[PDB]
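Scroll down for the structure; my scribbles are underneath it.
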Amino acid sequence: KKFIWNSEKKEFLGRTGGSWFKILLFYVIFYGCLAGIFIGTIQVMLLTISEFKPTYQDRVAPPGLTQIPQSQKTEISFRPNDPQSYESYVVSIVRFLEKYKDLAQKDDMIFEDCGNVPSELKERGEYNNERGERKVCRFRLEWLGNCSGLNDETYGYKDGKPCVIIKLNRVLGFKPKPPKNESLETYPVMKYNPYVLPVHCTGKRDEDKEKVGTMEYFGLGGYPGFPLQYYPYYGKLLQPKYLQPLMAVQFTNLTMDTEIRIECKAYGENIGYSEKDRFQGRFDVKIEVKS
Amino acid sequence: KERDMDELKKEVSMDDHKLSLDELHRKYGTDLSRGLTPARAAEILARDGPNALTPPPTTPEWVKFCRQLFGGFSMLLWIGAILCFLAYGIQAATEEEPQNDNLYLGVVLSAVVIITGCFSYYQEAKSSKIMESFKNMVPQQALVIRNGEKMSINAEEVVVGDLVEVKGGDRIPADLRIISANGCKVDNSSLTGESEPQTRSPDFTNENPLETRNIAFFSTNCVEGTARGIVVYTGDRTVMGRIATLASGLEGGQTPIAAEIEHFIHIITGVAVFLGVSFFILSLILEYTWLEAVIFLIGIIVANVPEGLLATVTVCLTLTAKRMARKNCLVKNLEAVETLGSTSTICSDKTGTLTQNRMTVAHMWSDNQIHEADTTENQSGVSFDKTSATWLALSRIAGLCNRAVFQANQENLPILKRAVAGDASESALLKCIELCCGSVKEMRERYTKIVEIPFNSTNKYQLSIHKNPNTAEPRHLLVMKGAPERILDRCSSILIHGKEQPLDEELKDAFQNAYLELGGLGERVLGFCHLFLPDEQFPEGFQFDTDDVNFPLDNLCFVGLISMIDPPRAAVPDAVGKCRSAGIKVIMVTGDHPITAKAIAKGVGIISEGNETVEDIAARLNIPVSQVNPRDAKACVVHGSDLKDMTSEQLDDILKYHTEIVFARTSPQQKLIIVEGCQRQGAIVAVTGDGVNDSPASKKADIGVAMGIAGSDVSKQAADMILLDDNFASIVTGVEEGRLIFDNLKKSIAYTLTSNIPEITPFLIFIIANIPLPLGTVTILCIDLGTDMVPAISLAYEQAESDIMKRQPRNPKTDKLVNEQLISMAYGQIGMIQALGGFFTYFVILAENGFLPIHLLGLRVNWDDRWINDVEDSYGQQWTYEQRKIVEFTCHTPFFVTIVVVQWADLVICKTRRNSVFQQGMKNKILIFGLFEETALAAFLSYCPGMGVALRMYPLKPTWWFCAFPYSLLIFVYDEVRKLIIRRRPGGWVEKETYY
Amino acid sequence: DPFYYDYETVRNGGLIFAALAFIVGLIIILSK
Ligand SMILES: C[C@@H]1O[C@@H](O[C@H]2C[C@@H](O)[C@]3(CO)[C@H]4[C@H](O)C[C@]5(C)[C@@H](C6=CC(=O)OC6)CC[C@]5(O)[C@@H]4CC[C@]3(O)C2)[C@H](O)[C@H](OC(=O)c2c3ccccc3cc3ccccc23)[C@H]1O
Ligand SMILES: *[C@@H]1O[C@H](CO)[C@@H](O[C@@H]2O[C@H](CO)[C@@H](O)[C@H](O)[C@H]2NC(C)=O)[C@H](O)[C@H]1NC(C)=O
Ligand SMILES: CC(C)CCC[C@@H](C)[C@H]1CC[C@H]2[C@@H]3CC=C4C[C@@H](O)CC[C@]4(C)[C@H]3CC[C@]12C
Ligand SMILES: CC(C)CCC[C@@H](C)[C@H]1CC[C@H]2[C@@H]3CC=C4C[C@@H](O)CC[C@]4(C)[C@H]3CC[C@]12C
Ligand SMILES: CC(C)CCC[C@@H](C)[C@H]1CC[C@H]2[C@@H]3CC=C4C[C@@H](O)CC[C@]4(C)[C@H]3CC[C@]12C
Ligand SMILES: *[C@@H]1O[C@H](CO)[C@@H](O)[C@H](O)[C@H]1NC(C)=O
Ligand SMILES: [Mg+2]
Ligand SMILES: [Mg+2]
Ligand SMILES: [Mg+2]
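Residue numbers (PDB author numbering), protein chains in the order written: chain B, 13 to 303; chain A, 21 to 1016; chain G, 17 to 48.
In C-alpha cells form, the structure reads like this:
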C-alpha cells in the first residue's frame, strides 16, 4: 500500500518527473513573491517608527526594581566559608560593575562629572538628532560605600553580612518624581527628599521583619536612592555606554541558617506597583546565610 | 456458523403444496372441515411460538450515544486529547509549578467529541421518534374454524394446521394451503410483486410455491372472493417471515461519505505526523534536548488536527438533512443524506414504487377511437373527450353492471385514495365513473335492478337487466361485460357517434386491432355492451328467466372497450428522465409478469423509443431469437426463471453490455443477487422499494428508499431513507442535495484546513528562530472553536455553481472529497499568506513598543524567564517579566484578529470553486452573518473588561486592525485571478493543481 | 506624559463596534 515508489508512467513519490519541476518552480516563484512582499511590508513598517523614540511606552509605565545577583528564584543561599558556594553571585556582581570602573569612564567627550551631591534633573535638549551624541554622567563605584567594587577590598561582599545593590529600570524620557507632603510610609531614613528617588527595604511579615536585624544603605553622597541628575534617558542610540544610578543595601544583623524574605519598595509619585508583577516598583529577595 | 444460516435464507424457498387433500391432512393431522379440537391449539401455540414475527433486535439508547462518541472522525480528536494528557504528564514531571495550557486543551478536545456525539444522537433520535409516531400498526385477528365452530381469534393465537376461512376483505393471517375457494383473488403485491391480483385455486398449478394458486401468503390481503385453507407455516417460518429475518441479518456496509471522511482523516494525519517528525529531527538538530523534542513532536501533531471541523461537518450534513426532512425526505442515517449524490445506478421496484399499485382505467375504446383516461394520482392529467352519446352508454354499462361500491368511512376521502369493496377491476370502473360521469350512488339505484347474472366458469358472461330511466320509453336495459373476444361474438349492433350500425367486418376488425393495441400496451381490456329489450314483444312489467335464459344472449349492441392497469406515479416518468439526465443508470427490479414490466418500463423512461430487445428484433425480422446478435439490442428483458440458472460472470455480462435492463419475476432473494452484481462493478447503488421483497435489496444497497405509506414496515425499517409523501420526485431532490452538500463539504473543509498554517507556523518559528511566542494556545482555540465556526457552517448554504443535475455521478476511486489539490491550496498557498500576515502584525506590534524585529532573534531564552526583569530592547530600556509578557499577550490577541482578517478573504474565495465571486454573488445571507458575527466576536474577545486577566487577551490599539488588511486583499485578488484563469483556460496545469 | 495610553477610550470604541456589528449581522440574518 506504500509502493508509490515507481510506476510505468515515471512516477516518484506519487507524480512524474516533469510534474515535480513544474510544482517546485511554481512554489519557488510563489514563495519568493510572498517573501519579497512580507519584506516589503516590514520595510515600510521600519520606516514608520523613529530611531530616537519608541512609538509606545505605556507598557512600561511603572519602572521595575532589579538587583545585581540575578538569582534563579531571587534567593541568595550560600556558605560564609566555602568560596565556591557564592561564586555565582560575585561573578555576576563583578561583571555588572565592570563598566563602572574609573578606567572604563575615562573619555571626557562622552562623560560628564555630575557632582558629589544629588542635584536636579539634567535635560539635554530634545530627543531629536539635531544635537550631537549626548553626555552621560559618571557614577564611580566609590559612591556605594562598603559594597564598592575592586578598589581596596574586593571582599566579594560575602564573608558574612552580604550586599545586594538595587537598580532602577532604565526608561527613555522617564523623569522620576519623588514623594511629598502626603507621607504615610516615607520614613525618616534620610533627609534628602527633593533630588533623589527614595528606596526602602523591609521584611514581608511579622517574622521576616524581626529576623532581619539591621540594614545599611549606600548611595550618591550617602542617600538611599537614585539622584535626579542622571535622568531622563535618551535611548541607546543617542546615549551609548550610559550608566544608570545604583544604590547598595547591606544586611548586617541577619539570622544565619534562616531563609528570610525582604521587600525593597521604591517610593515615588511616578512609581507604580502591581499585585501581579512583584518587580514593578517593589523588589523581593530570599536571603539565607547558612553556615 | 451464521455464514451458512445467511446463505440458507438466501436460497430460494421450497414447499409441499403439491399434495392430495388426504396427503395434506395426513402430514399435519387436521380435519378438512372441522379443523382441530380447541385442546389441540395449546399443543402448538406453546410449542413453537405465537403466530407473529420475532420483533427485530433492540439496540438500547446509550448504544447510539457511544456509537457517535467513537465513530471515525471523533477518533482523531480522542487521540489528540490522549496526546494532550500524555504531553501534560511529560511536561509536569520535569518543571516546578507548571502551566495549565495542555490540560485545558485536552479537556476541550474531549468535550468537542462529546458535543458532536450528543448533537448527532439528538438528530438521529428525533428521526426515529417521528418515525415511531407513524407506524401505529393495530392487530388483525383471523377467522379460524375449530371444533366445527367458527371463532375469530387473534393472529398470534393461530397455529400450524388448522382450517382458516378468509373472507373478501380480510388479510391472510399466515401461509395457507387453499383447499376450497370461490373466486378468491389474493393481493400478492407486498410479497412477490404481482400487480394484478392473483386468483387462488385449491388445485396445484405451478411448481414454484409463489406462482402457484394453492398457497396464501403472510401479509397479503384477500381482494375478493372467499377461500378455505390449512396453515402450513407460522410466525417466522412463513415466506415473508424468512425474508424479513434475512433483512435483519444483512450487512449495512460502508457509506461513500463515511469513506471520504476516513480518507480525509488519513491525509490529515499524514501531514500531521510528517510535519511532526520532520520538525522533531530539525528541533533536535538545532539545540533542543530529547525531552523537549518529544514535547514538540506531540505539539506539532496535535496542533495539526482540525478540532472545530468535526462540529462544522456534523451540522453541515445535519442542515442538508433538515432540508430533506422539510420535503418529507426523512433520513434515519445522518450521513446517508449525501449517498444519493454519489449514486450511479438506481435499482427500482415496479409494483408500488414506480406504480401506484392500484388497478386504474387507462384507456377506453368508443366510436373507433382510443381515449386515454388520465392516470394520475392527484387528478392532474389530460382530460379525455366526453361529448358523444357512446360515452354515456359505456358509462352506464360500467357504473350499473358492477357488484359493489365504496365503504362506510369512505366519504371524506378522495375519489382515488378511498377504499372500495370488490374486485380490483370493478373499483377502477367505479372511480372512473365517479370522476368523469358525475356519481354512481344515485346512478345505480335510479336504474332498479331485477335479475343479475354473475360471472360464470362455463359460458362466461356477466350481465344484469335493469329498469329504464327518465321518459325515453324503451322500458328495459340489459347490460353485459366480459372478455372482448367473447362479448364481440354475442353482439350484432354497434353504437357509433350516437346511432347504431350493423356488425360489418370493416368496423368489426377495427375493434380487433384496438384490442391487440391495448393488450400490447400492457393493460387489461374488457368489452361492454347493452341492449334495449323491445317492450312491445316482451312485457313491460314482470317477464324474466334465470334457469332457461330468456334475455337475448346474442344480437346485443357493442359500445366499446375499457382497458386498465396499475398506472405509474405522477412524477415517476419525469423522475426517471431527470435521473438519466445526470447519468444514473435506471434498472427495474420487480417480481411481476414480464408482459406488464416491459410496458411499464417503456412508459416511465427505463426503455426509450427506438431501442429494441433481443426479442423485439427477432419479431421484427420474422426469425428465431437465437439468430440475432445480443450486441445489436441495446435493452433486454431478463426473465427471473432464467436468472436462477445464472452464474456470477453472466450477470456482469448482462449489466455491462446492456444499458436498459429490466429484471422480471425476480424473487426477493434474487433482488439481492442483482444488487450485489451491480456493486461488483464498483458503482454506487440505490434501491427504491415498497414491499417486503425489497427489504434485502434496500438493506444491502448503499441506500434504501422506502415509501412512507405504500411501503411495508419491514422494508421501511431495513431502509435508510423514508419518503413520507411517496413523491418519487424526492429521489431527484435527494440526488441534487447529495451532490450539493458534497461540493459544500469540500469548501468547508478547505476553509478549516487553511487556518492550520497560521496556527502552527508561529509555534514553529518560535522554536526555529528562538523569538517570543507570536500566537498563543487560547487564541487558537478562539479561532478553530470560536470565530471560524460560523463561516464553516454557512458554507453549507452555498448553492450550485453550475447545473449539478447535468454532470455525471462522481467516481468513488477518482473524484475524492479531499484530494491533494485541496492540500496544495490550503497548506500551500492561502495558508502561507495568512501566516505571513500574522507575522507582519507580530513584528509591527513588537517593533512599535521598542522591540525591533531584528532584536527579536534569540530573545525567547530570556523572554520566558520569570526572574530576568531587566530585558533590554532596541532603545536600551529595561522591561520586567510581566511588562514584556503583557506585550506578548497583546501580541497574541492581534495575531488571532489577524487570522480573522485573512479569514474574510479565505471565506470569500472558498465560497466558489470555479466561478468568480461576482458571477455567483454573495447572496448567502448566512455567510454575511458569519462575517459580521466573526468580526464582532473577535472585537469582543479583545475589548471586553477583564480579558487580559481571564484569557490574557489584552485590548488592541486600533491601528492594529489594518495590519492584515493588505494580506487579505491579496488573498482575494490572487485566488480571484486563479479561478478566472481556470474559467478562461480549462486546460491542464491551472486545472490539475489548483482546482480541488 | 508619553507613558500613558487612553486604553478606556479604545476599549469602549471596540465594545461599541462589536455591539453594532453584531446587531447589524442579526439584522441581515433576520431579514424581513
Ligand atoms: C522550548 C520551551 O519553550 C517554552 O515552552 C513552550 C513549549 C511548551 O512548553 C508549551 C507547553 O504547553 C507548548 C506545547 O508544547 C505545545 C502547544 C500545546 C501547541 C499546540 C498544540 C495544539 O493543538 O494547539 C496548540 C502550540 C504551543 C502550545 O500551545 C504550548 C504553549 C506553552 C508552552 O509552554 C510553550 C518554555 O520556555 C519551556 O521551558 C519550560 O517549560 C520550563 C522548564 C522546562 C523543563 C525543566 C524546567 C523548566 C523550568 C521552567 C521555569 C520557568 C519557565 C519555564 C520552564 C521550553 O522548554
Ligand atoms: C564599612 O566597613 C567598616 C570596616 O572597615 C565598618 O566598620 C564597622 O565599625 C563598627 C563600629 O565600630 C562595628 O560595629 C562594625 O562591626 C564594623 N563592621 C565590620 C564589617 O567590621 C563600617 O561600619 C562599614 N560601613 C560604613 C558606613 O563605614
Ligand atoms: C517557514 C517555512 C519555510 C515553512 C513553510 C512550509 C512549506 C515550505 C511547506 C508546507 C506544506 C508544503 C507543501 C505541501 C503540499 C504540496 C503539494 C504536493 O503535491 C507537492 C509538495 C507541496 C507543494 C509542498 C511544498 C512545501 C510546503 C509548501
Ligand atoms: C503596489 C501596492 C499595492 C503595494 C503598496 C503596499 C501597501 C499595500 C503596504 C506597504 C506598507 C504597508 C503598511 C505598513 C505600515 C502600516 C502601519 C500599521 O500601524 C498598520 C499597517 C500599515 C498601515 C501597512 C498597510 C499596508 C501597506 C501600506
Ligand atoms: C471587505 C472588507 C474591506 C471589510 C473591511 C471592514 C472594516 C472597514 C471594519 C471591519 C472591523 C472594523 C474595526 C473593528 C475594531 C476596531 C477597534 C476600535 O477600537 C476602533 C475601530 C476599529 C479599528 C474598526 C475599524 C473598521 C473595521 C476595520
Ligand atoms: C541585630 O543587631 C542590632 C545591633 O544594633 C540590634 O539592635 C538588633 O536588636 C539585633 N536583632 C536581632 C534580631 O538580633
Ligand atoms: Mg486548528
Ligand atoms: Mg413493490
Ligand atoms: Mg443501507
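Backbone N, C-alpha and C define an ideal beta-carbon position, used for all residues, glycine too.
Practice problem: Specify, as a first and last residue, the run of the beta strand (DSSP E) that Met584(A) falls within. | Solution: Looking up residue 584(A) in the second sequence gives position 564. 577-585 is the span of the beta strand (DSSP E), which, as asked, contains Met584(A).
Quiz prompt | Proximity below 8 Å, CB of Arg464(A) to CB of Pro489(A) | solution = Locating residue 464(A) in the second sequence gives position 444, where the first residue counts as 1. Locating residue 489(A) in the second sequence gives position 469, where the first residue counts as 1. Contact flag unset, no.
Quiz item: Does any C-beta atom of chain A lie closer than 8 Å to the C-beta of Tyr20(G)?
Solution: Within the third sequence, the letter at position 4 stands for residue 20(G). Output row for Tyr20(G): interface = no.
Quiz item: According to DSSP, which residues form a beta bridge with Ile615(A)?
Solution: On the second sequence, residue 615(A) is found 595 positions in, with the first residue counted as 1. For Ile615(A), DSSP assigns no beta-bridge partner whatsoever.
Practice problem: Please specify which runs of the alpha helix (DSSP H), each continuous and at least 4 residues long, are wholly inside the segment 781-810 of chain A, giving them in chain order. | Solution: Within the segment 781-810 of chain A, the complete alpha helix (DSSP H) runs of at least 4 residues are 797-802.
Quiz item: Using a C-beta cutoff of 8 Å, does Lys451(A) count as contacting chain G?
Solution: Taking the second sequence and counting its residues from 1, the one referred to as residue 451(A) is at position 431. It does not: the Cβ of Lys451(A) has no partner Cβ on chain G nearer than 8 Å.
Quiz item: Using a beta-carbon distance below 8 Å, is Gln849(A) in contact with chain B?
Solution: On the second sequence, residue 849(A) is found 829 positions in, with the first residue counted as 1. So, interface residue.
Practice problem: Starting from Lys298(B), follow the beta strand (DSSP E) in both directions and report where the run begins and ends. | Solution: Here the question's residue 298(B) lines up with position 286 in the first sequence. Where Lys298(B) is concerned, the enclosing beta strand (DSSP E) stretches over 296-301.
Quiz item: What is the residue span of the alpha helix (DSSP H) that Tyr229(B) lies within?
Solution: To locate residue 229(B), count along the first sequence from 1; it is residue 217. Run containing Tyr229(B): none in the alpha helix (DSSP H); it sits in the beta strand (DSSP E), 227-230.
Self-check item: Cβ-based neighbour list, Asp746(A), same chain, cut-off 7 Å, excluding 5 preceding and 5 following
Solution: Indexing the second sequence from 1 puts residue 746(A) at position 726. Correct list, in chain order: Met727, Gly728, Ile729, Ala730.
Self-check item: Burial state of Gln689(A) (16 or more Cβ within 10 Å)
Solution: By one-based count along the second sequence, residue 689(A) stands at place 669. Buried is the call here.
Quiz item: Alpha carbon to alpha carbon, how far is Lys664(A) from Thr363(A)?
Solution: Counted from its first residue, the second sequence places residue 664(A) at position 644. Counted from its first residue, the second sequence places residue 363(A) at position 343. Spanning the two alpha carbons is a distance of roughly 27 Å.
Quiz item: Of all residues in the structure, which have a C-beta closer than 6 Å to any heavy atom of ligand 3, taken in chain order?
Solution: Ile35(B), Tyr39(B), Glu840(A), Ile843(A), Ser844(A), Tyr847(A), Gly848(A)
Quiz item: Which parts of the segment 417-466 of chain A are runs of the alpha helix (DSSP H), unbroken and 4 residues or longer, counting only runs that do not cross its ends?
Solution: Entirely contained in the segment 417-466 of chain A, the alpha helix (DSSP H) runs reaching 4 residues are, in chain order, 444-456, 461-465.
Quiz item: Between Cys349(A) and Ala816(A), which are expected to be in contact by the criterion C-beta below 8 Å, what is the C-beta distance as a whole number of angstroms?
Solution: Mapped onto the second sequence, residue 349(A) falls at position 329. Mapped onto the second sequence, residue 816(A) falls at position 796. Going by Cβ atoms, the distance from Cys349(A) to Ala816(A) rounds to 17 Å, so no, they are not a contact pair.
Exercise. Mark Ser445(A) as exposed unless 16 or more other C-beta atoms lie within 10 angstroms of its C-beta, in which case mark it buried.
Key: Taking the second sequence and counting its residues from 1, the one referred to as residue 445(A) is at position 425. Counting the other CB atoms within 10 Å of its CB gives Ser445(A) a total of 16 or more, which places it among the buried residues.
Quiz item: Is the beta carbon of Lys187(B) sitting closer than 8 Å to the one on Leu250(B)?
Solution: The count along the first sequence starts at 1 and reaches residue 187(B) at position 175. The count along the first sequence starts at 1 and reaches residue 250(B) at position 238. No, Cβ-Cβ distance for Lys187(B) and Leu250(B) is not below 8 Å.
Practice problem: For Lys34(B), I'd like the list of residues in its chain whose CB is within less than 8 Å of its CB, leaving aside the five on either flank, ordered along the chain. | Solution: By one-based count along the first sequence, residue 34(B) stands at place 22. Around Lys34(B): no qualifying Cβ.
Quiz item: In whole angstroms, what is the alpha-carbon distance linking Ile787(A) and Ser303(A)?
Solution: Position 767 of the second sequence, counted from the first residue, corresponds to residue 787(A). Position 283 of the second sequence, counted from the first residue, corresponds to residue 303(A). One C-alpha to the other measures close to 7 Å.
Exercise. Taking 8 Å as the cut-off, decide whether the C-beta atoms of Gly55(A) and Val164(A) are in contact.
Key: On the second sequence, residue 55(A) is found 35 positions in, with the first residue counted as 1. On the second sequence, residue 164(A) is found 144 positions in, with the first residue counted as 1. Yes, they are a contact pair.
Practice problem: Please write down, chain order preserved, every residue whose beta carbon lies under 6 Å from a heavy atom of ligand 1. | Solution: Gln111(A), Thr114(A), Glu115(A), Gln119(A), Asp121(A), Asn122(A), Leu125(A), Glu312(A), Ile315(A), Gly319(A), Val322(A), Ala323(A), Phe783(A), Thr797(A), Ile800(A), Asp884(A), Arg886(A)
Quiz item: Three-state secondary structure (DSSP) at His486(A)?
Solution: Reading the second sequence from its first residue, position 466 is the one you call residue 486(A). In the structure shown, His486(A) sits in a strand (DSSP, three-state: E or B).
Quiz item: In chain order, what are the residues with a CB under 5 Å from some non-hydrogen atom of ligand 4?
Solution: The filter returns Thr53(B), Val56(B), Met57(B), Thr979(A), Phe982(A), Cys983(A), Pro986(A), in chain order.
Quiz prompt | For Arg27(G), the first and last residue of its enclosing alpha helix (DSSP H) | solution = Walking along the third sequence from the start, residue 27(G) turns up at place 11. Where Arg27(G) is concerned, the enclosing alpha helix (DSSP H) stretches over 23-45.
Quiz item: Would you say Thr78(B) faces chain A, with C-beta separation under 8 Å as the test?
Solution: Looking up residue 78(B) in the first sequence gives position 66. It does: the Cβ of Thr78(B) has a partner Cβ on chain A nearer than 8 Å.
Quiz prompt | Chain-order list of residues whose beta-carbon lies under 6 Å from that of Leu360(A) (same chain, five-residue window excluded) | solution = For this step, residue 360(A) is matched to residue 340 along the second sequence. Within the same chain, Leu360(A) has close Cβ partners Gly754, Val755, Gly758.
Practice problem: Kindly confirm or deny that the segment 943-958 of chain A and the segment 916-927 of chain A touch, where touching means at least three C-beta pairs closer than 8 Å. | Solution: yes
Practice problem: Report yes if the CB atom of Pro257(B) is closer than 8 Å to the CB atom of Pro244(B), and no otherwise. | Solution: Translated into the one-based positions of the first sequence, residue 257(B) becomes position 245. Translated into the one-based positions of the first sequence, residue 244(B) becomes position 232. Their beta carbons are not under 8 Å apart, which means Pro257(B) does not touch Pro244(B) by this criterion.
Quiz prompt | Backbone secondary structure at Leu25(B) - three-state DSSP | solution = Working through the first sequence from its first residue, we reach residue 25(B) at position 13. Here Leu25(B) sits in coil by DSSP.
Quiz prompt | Runs of beta strand (DSSP E) wholly within the segment 264-298 of chain B (minimum 3 residues, chain order) | solution = Look at the segment 264-298 of chain B and you find these whole runs of beta strand (DSSP E), each 3 residues long or longer: 272-278.
Exercise. Could you name the residues that DSSP lists as bridge partners for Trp411(A)?
Key: Mapped onto the second sequence, residue 411(A) falls at position 391. In DSSP, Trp411(A) forms no bridge with anything.
Quiz item: So is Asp171(B) in contact with chain G if we call contact Cβ pairs under 8 Å?
Solution: Within the first sequence, residue 171(B) is the residue found at index 159, counting from 1. So no, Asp171(B) is outside the interface.
Self-check item: Beta-bridge pairing of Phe548(A) - partner residues as DSSP gives them
Solution: Position 528 of the second sequence, counted from the first residue, corresponds to residue 548(A). Looking at the DSSP assignment, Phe548(A) forms a beta bridge with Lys501(A), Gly580(A).
Practice problem: In the DSSP assignment, find the alpha helix (DSSP H) that holds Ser153(A) and state where it starts and stops. | Solution: If you number the second sequence from 1, residue 153(A) lands on position 133. Run containing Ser153(A): none; DSSP gives neither H nor E here.
Quiz item: Quick one: what does DSSP say residue 1035(A) is sitting in, helix, strand or coil?
Solution: Here chain A has residues from 21 to 1016 only, and residue 1035(A) is not among them.
Exercise. Take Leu123(A) as the anchor and find which of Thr797(A), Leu28(A), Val645(A) has the nearest alpha-carbon.
Key: For the purposes of this step, residue 123(A) is taken as residue 103 along the second sequence, with counting starting at 1. Considering only alpha carbons, the answer is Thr797(A).
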